[PDB]
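K.L.:
Quick one, what's the 3D model for this:
(one chain, ligands or ions: 1)
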Amino acid sequence: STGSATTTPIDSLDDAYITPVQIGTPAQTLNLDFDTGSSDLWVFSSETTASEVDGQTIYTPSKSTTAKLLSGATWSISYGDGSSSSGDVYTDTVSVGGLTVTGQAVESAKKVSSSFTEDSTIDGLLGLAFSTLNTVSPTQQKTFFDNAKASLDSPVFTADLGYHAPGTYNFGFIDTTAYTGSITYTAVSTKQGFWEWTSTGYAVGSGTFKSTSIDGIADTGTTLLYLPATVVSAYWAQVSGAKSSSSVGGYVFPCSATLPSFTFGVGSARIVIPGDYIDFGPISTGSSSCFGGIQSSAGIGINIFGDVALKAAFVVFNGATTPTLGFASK
Ligand SMILES: Cc1cc(CNCCS(C)(=O)=O)ccc1Br
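P.N.:
Numbering: from 1, shown residues only. I have put the structure below:
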């Protein structure tokens with residue numbers, strides 16, 4: 001089997017991408033944030049505290065003839081930004097882009113944090129990291145991809161995120177028309193449950209490539225590119241007037257600036273992020289200070305190749321027995 005679904009930016013900045021997902025019978029379509037940095041499929045639901053729902057589409061398990069309470073199971077997830085959600089668990093039929101999994105754990109939110117409530121466009125998350133990170137207790141549950149894998153033509157999914165435009169998530173096949181040149185594959189460590197890999201270096205603009213190992217994760221659920229402070233300082237030093245602002249929470253730059261590109265290495269291959277992808281617009285409406293798309297990872301504990309980086313590439317998440325990542329230009 002295969003599946004193919006369009007993923008659409010939630011706003012004009014590509015802050016996140018939403019993909020329609022069919023849950024239950026008859027189908028209830030929710031727009032989920034596909035997140036290769038987490039491993040829970042959770043949704044706003046008829047069980048979510050009413051004051052914490054503000055425009056999201058909800059899953060109502062009582063209206064699905066295929067829903068079954070997973071008795072005793074609960075979940076609770078704290079994310080890197082301090083956001084959280086928690087609740088109980090149903091199994092139900094879940095389809096993405098024509099690919100159907102029966103018996104998928106659908107984690108129904110009883111509580112969500114302000115960052116989700118304030119985001120009327122995101123109806124939940126579909127985790128695509130390794131199932132060892134799934135938070136369901138006392139019986140950990142598998143991700144949608146892990147449940148689908150055996151049925152797929154090939155045990156892979158691909159992320160093709162657009163810049164200020166829709167893109168595609170494919171399951172089970174590699175669309176050879178969706179990228180240019182060749183795909184360069186690189187080793188993955190699953191020891192932290194992430195799609196963790198080592199970039200071979202970077203360049204700023206037309207500058208020379210610096211060969212240096214940068215361990216980080218491929219995370220579709222993170223907006224920006226978070227890298228070591230040395231790398232980030234080298235980038236922003238090429239933008240007149242750019243500075244790190246403790247009050248804003250990262251590097252800002254004059255909105256009148258033209259940003260240089262940023263290149264990252266994948267083995268001997270190079271992925272170029274155009275400068276425009278690094279502009280996240282005014283820090284507040286009307287401001288001439290703009291927020292940068294490359295930020296320091298120093299306070300995180302891990303480097304994160306988020307959407308800013310991934311949208312510059314066609315990315316293969318190869319879930320074979322020994323997983324690997326592939327990157328191609330496009
Ligand atoms: C939309 C959304 C998604 C996620 C999942 N990824 C978060 C990545 S990080 C580096 O910020 O911890 C959390 C919160 C919201 Br709100």
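K.L.:
residues from this structure in reach of the ligand?
P.N.:
By CB under 6 Å from any ligand atom, the residues of the chain that approach the ligand are 16, 33, 35, 37-38, 79-81, 83, 115-116, 119, 122, 221-222, 304. C-beta here means a position set from N, CA and C on the backbone, and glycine is covered the same way.
K.L.:
From those residues, which land in helices?
P.N.:
115-116 (DSSP state H).
K.L.:
Among the residues of the chain next to the ligand, which one has the most neighbours?
P.N.:
residue 116 (26 neighbours; other CB atoms under 10 Å).
K.L.:
what sits against that residue?
P.N.:
Residue 116 sits next to 44, 52, 56, 83, 85, 122 when contact means CB atoms under 8 Å, 6 or more residues apart in numbering.
K.L.:
same thing but at 10 Å, please
P.N.:
33, 42, 44, 48, 52-54, 56, 79, 83-85, 109, 122-125 (CB atoms under 10 Å, 6 or more residues apart in numbering).
K.L.:
For residue 187, see how far away the closest residue to the ligand within the stretch 151-300 of the chain is.
P.N.:
Distances between the stretch 151-300 of the chain and the ligand by CB to the nearest ligand atom are smallest at residue 221, namely 3.5 Å. As judged by CB to CB, to the nearest Å, residue 221 and residue 187 stand 22 Å apart.
K.L.:
And for residue 316?
P.N.:
With CB to CB as the criterion, residue 316 and residue 187 are 13 Å apart.
K.L.:
quick one, which of those two is more surrounded?
P.N.:
More neighbours surround residue 316 than the other of residue 316 and residue 187, with 23 against 12 (other CB under 10 Å).
K.L.:
residues touching the residue lying closest to the more buried one once chain neighbours are set aside, list them.
P.N.:
Sequence neighbours aside, residue 326 is the residue nearest to residue 316 in space, at 3.3 Å (criterion: CB to CB, 6 or more residues apart in numbering). Applying CB under 10 Å, 6+ apart to residue 326 gives the contacts 156, 158, 174, 179, 182-186, 266, 269, 313-318.
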